[PDB]
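Throughout, a chain's letter reflects where its sequence line sits, starting with A, and its residues are numbered from 1. Below, each value reflects all heavy atoms present in this structure, side chains not excepted, and no hydrogens, waters or symmetry copies.
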Amino acid sequence: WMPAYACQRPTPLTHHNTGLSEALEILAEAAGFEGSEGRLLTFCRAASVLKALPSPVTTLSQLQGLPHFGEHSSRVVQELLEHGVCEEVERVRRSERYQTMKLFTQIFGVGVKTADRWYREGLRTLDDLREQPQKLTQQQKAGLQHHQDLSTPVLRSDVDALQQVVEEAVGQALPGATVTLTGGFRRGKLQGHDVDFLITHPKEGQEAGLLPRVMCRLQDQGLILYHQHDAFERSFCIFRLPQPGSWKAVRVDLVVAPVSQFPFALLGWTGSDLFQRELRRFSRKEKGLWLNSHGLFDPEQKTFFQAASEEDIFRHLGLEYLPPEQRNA
DNA sequence: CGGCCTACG
DNA sequence: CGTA
DNA sequence: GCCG
Ligand SMILES: Nc1nc2c([nH]c(=O)n2[C@H]2C[C@H](O)[C@@H](COP(=O)(O)OP(=O)(O)OP(=O)(O)O)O2)c(=O)[nH]1
Ligand SMILES: [Mg+2]
Ligand SMILES: [Mg+2]
Ligand code: NA
């Protein structure tokens with residue numbers, strides 16, 4: 001009994017079907033590059049089902065009945081099991097379009113629509129973009145400037161150092177405010193593309209205006225290479241992280257939430273991306289409730305659920321609780 | 001057939 | 001659009 | 001692409 005929504009089953013970080021899931025994820029990414037979010041989602045959901053299975057799939061038979069496996073995903077698996085390669089996957093992954101779209105969308109500040117326009121204009125390399133700086137937003141200029149460092153995996157030692165400097169700035173900005181590591185590192189990942197932190201204060205309302213004060217204190221300590229900055233509560237930053245004898249750029253996301261919303265923000269920002277999309281879809285389509293990073297809303301009674309923990313949210317949705325390390329959908 | 005997560009910057 |  |  002494989003449940004159909006990813007939020008209904010545990011997905012560990014280490015799983016048993018990486019060859020098959022990787023192939024489906026290439027097809028998902030290619031679907032996104034061609035503007036089909038629906039096909040992207042199906043291929044991601046199928047890949048995720050494989051990550052939740054207890055053992056390796058060795059025979060096509062083992063897919064029977066699994067949700068999100070239809071004719072196309074099944075054929076991909078069948079070719080991989082019988083030949084060790086899937087022609088369609090190889091054609092996609094070796095194509096100029098796929099490789100260029102992947103290169104460009106991996107830049108901070110560049111998504112599919114921007115990458116597709118550049119591709120249609122004949123651009124193919126990072127050097128091509130550097131030569132045409134007037135095509136770039138300031139966010140994209142920062143992403144390109146720091147691209148090599150941003151392609152280096154962030155490690156747990158980096159997380160620990162960043163948490164210390166963020167806690168220092170937060171404490172200087174508002175006594176009693178707290179910093180919680182979220183994102184993939186909270187799910188047990190050993191590396192990441194960035195570090196995500198959620199900031200609050202135990203007294204509702206005290207955190208208003210906090211994030212500009214934090215950003216100013218980090219900027220004055222020379223720690224900020226790029227940020228968007230009158231009020232704001234999320235910052236998608238690039239930090240200058242000291243290293244032995246030098247420094248490296250690291251993407252850091254900072255989000256401030258009132259404490260009433262903390263469990264919802266913690267749940268949302270802990271991910272994974274697919275886990276949260278599936279949880280929000282489940283909430284609305286199966287329970288008639290609207291979930292976001294601020295709350296859980298009953299649109300008929302026009303009321304918000306008062307959760308004290310992530311556990312409370314799962315319970316109000318009729319779901320078995322999953323700890324962060326089982327949300328790796 | 002239409003849906004496919006979410007809200008902030 | 002970007003965060004993604 | 002798959003599903004409700
Ligand atoms: N990347 C991404 N995150 C999303 C989306 N929707 C959504 O609610 N989120 C939430 C869940 C993610 O765990 C959380 C933090 O995002 P992230 O991009 O830093 O990803 P991550 O920490 O899980 O993984 P990573 O940084 O190692 O790559 O944001 C979405 O479409 N993409
Ligand atoms: Mg992250
Ligand atoms: Mg992030
Ligand atoms: Na990008």
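Nearest-nucleotide positions on DNA chain B place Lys285(A) closer to the 5' end than the other of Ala231(A) and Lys285(A). If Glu286(A) and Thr42(A) are placed on DNA chain D by their nearest nucleotide, the residue sitting closer to the 5' end is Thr42(A). Both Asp273(A) and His229(A) lie near DNA chain B, and the one whose nearest nucleotide falls closer to the 5' end is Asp273(A).
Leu40(A) comes within 4.0 angstrom of no nucleic acid atom, judged by non-hydrogen atoms across all strands. If you check every strand for non-hydrogen atoms under 4.0 Å, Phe232(A) touches sugar and phosphate atoms only. When heavy atoms are screened at a 4.0 angstrom cut-off, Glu233(A) is found touching the sugar-phosphate backbone but no base atom. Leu211(A) comes within contact range of no nucleotide atom at all, as no heavy-atom separation falls under 4.0 Å.
OP1 or OP2 of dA7(B) has not a single side-chain nitrogen or oxygen of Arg280(A) nearer than 4.0 Å. Proximity of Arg284(A) to the phosphate of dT6(B): a side-chain N or O atom is located under 4.0 Å from OP1 or OP2. Considering only side-chain N and O atoms, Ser73(A) lies under 4.0 angstrom from the phosphate OP1 or OP2 of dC2(D).
Base pairing of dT6(B): no nucleotide in any strand meets the Watson-Crick or G-U wobble criterion (both distances under 3.5 Å).
To the nearest angstrom, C1' of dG1(D) lies 12 Å from CZ of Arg75(A). Taking atom CE of residue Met215(A) and atom P of nucleotide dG9(B), one finds them 13 Å apart after rounding to whole Å. We find that CG of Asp253(A) is positioned 10 Å from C1' of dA4(C), with the value rounded to whole Å. We find that CZ of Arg234(A) is positioned 12 Å from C1' of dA4(C), with the value rounded to whole Å. At whole-Å resolution of the value, CD in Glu278(A) and P in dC4(B) are 12 Å apart. The nearest whole Å value for the distance from the OH atom in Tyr5(A) to the P atom in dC5(B) is 10 Å. As rounded to whole Å, 13 Å separates atom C1' of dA4(C) from atom CG of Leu274(A). One atom, NZ of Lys102(A), and another, P of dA4(C), lie 14 Å apart when rounded to the nearest Å.
Taking the side chain of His294(A) as heavy atoms from C-beta on, and the options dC2(D), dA7(B), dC3(D), the nearest nucleotide is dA7(B). With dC4(B), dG1(D), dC2(D) as the choices, the nucleotide that has an atom nearest any side-chain atom of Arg281(A) turns out to be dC4(B). Residue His193(A) has its side chain nearest to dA4(C) when only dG2(C), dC2(D), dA4(C) are considered. Comparing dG2(C), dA4(C), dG1(D) by their nearest atom to the side chain of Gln139(A) picks out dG2(C). Closest to the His72(A) side chain, of the nucleotides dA7(B), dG9(B), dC2(D), is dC2(D). Residue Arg277(A) has its side chain nearest to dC5(B) when only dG1(D), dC5(B), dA4(C) are considered. In this structure, the nucleotide among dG3(B), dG9(B), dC3(D) sitting nearest to the side chain of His68(A) is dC3(D). In this structure, of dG9(B), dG1(D), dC5(B), it is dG9(B) that holds the atom nearest to the side chain of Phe236(A).
No side-chain donor from either of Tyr226(A) and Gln145(A) sits under 3.5 Å from a side-chain acceptor of the other. Between the side chains of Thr125(A) and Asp128(A), at least one donor-acceptor pair of N or O atoms lies under 3.5 Å. Using modelled atom types and a 3.5 Å distance limit, the side chains of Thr270(A) and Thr182(A) yield a donor-acceptor pair.
Tested against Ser293(A), the residues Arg234(A), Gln276(A), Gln261(A) include a single side chain to side chain contact (heavy atoms under 4.5 Å, CB included) partner, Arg234(A). Among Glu29(A), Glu96(A), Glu25(A), the single residue meeting the salt bridge (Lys or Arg N to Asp or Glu O under 4.0 Å) criterion with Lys102(A) is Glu29(A).
The separation of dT6(B) from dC1(C), taken at their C1' atoms, amounts to 16 Å, rounded to a whole angstrom. Rounded to a whole angstrom, the distance from the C1' atom of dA7(B) to that of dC2(D) is 27 Å.
Taking a cutoff of 4.0 Å between a charged side-chain nitrogen and a carboxylate oxygen, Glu88(A) and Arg91(A) do not qualify as a salt bridge.
The OH atom of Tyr119(A) lies 9.5 Å from the CE atom of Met101(A); values are rounded to the nearest 0.5 Å.
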